[PDB]
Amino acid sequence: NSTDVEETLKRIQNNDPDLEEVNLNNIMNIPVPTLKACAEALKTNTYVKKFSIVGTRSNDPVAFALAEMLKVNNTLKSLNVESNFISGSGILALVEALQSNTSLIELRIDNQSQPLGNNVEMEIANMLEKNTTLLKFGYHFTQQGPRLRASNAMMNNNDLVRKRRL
């Protein structure tokens, strides 16, 4: 990944119309403050459609910052925070943000360092049922109950798109 992180941050902040996709995947020396800055910048950015920070050694502070962003941003379509060190608290914050977001259609939280746990999984399933705009959720539920409810929620949301198309 040869992405210029600082330049990318600047473009997000300036709402550069040519920046539709941000991929910071596998860049392992990005300071958390910089990732936090990207999240803050996205609050007012209207052109970035995809934001990915897979394997960036991100943690809860970054997840919470992105959760705040999701409640304000109404243009980002896909957020990927896979393979990081976000805890169940950080992940729950991201999913909870969906209660007040109708733009995001894809949220990938899969493969953090630690497991979420049944209690977090159950709350997530509940949240996915309260949001009707998300179409893809990147995560493999360990528990059957939450797994089926989430599978059904995503199927329902996708059916909505089909019924309202054109």
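One-based numbering along the sequence shown.
**OP:** Going by the average Cα B-factor in the PDB entry, point out whether 149-157 or 7-15 comes out higher.
**Re:** Taking the mean C-alpha B-factor of 149-157 and of 7-15, the larger value falls to 149-157.
**OP:** Please work out which of 61-69 and 38-46 has the higher mean CA B-factor as recorded in the PDB entry.
**Re:** Averaged over C-alpha atoms, the B-factors run higher in 38-46.
Original post:
So among 123, 110, 106, 129, who wins on Cα B-factor in the entry?
Top reply: Of the candidates given, the C-alpha B-factor peaks at 129.
**OP:** Choose from 114, 119, 29, 52 the residue with the greatest Cα B-factor as stated in the PDB record.
**Re:** Reading the PDB entry, the winner on C-alpha B-factor is 29.
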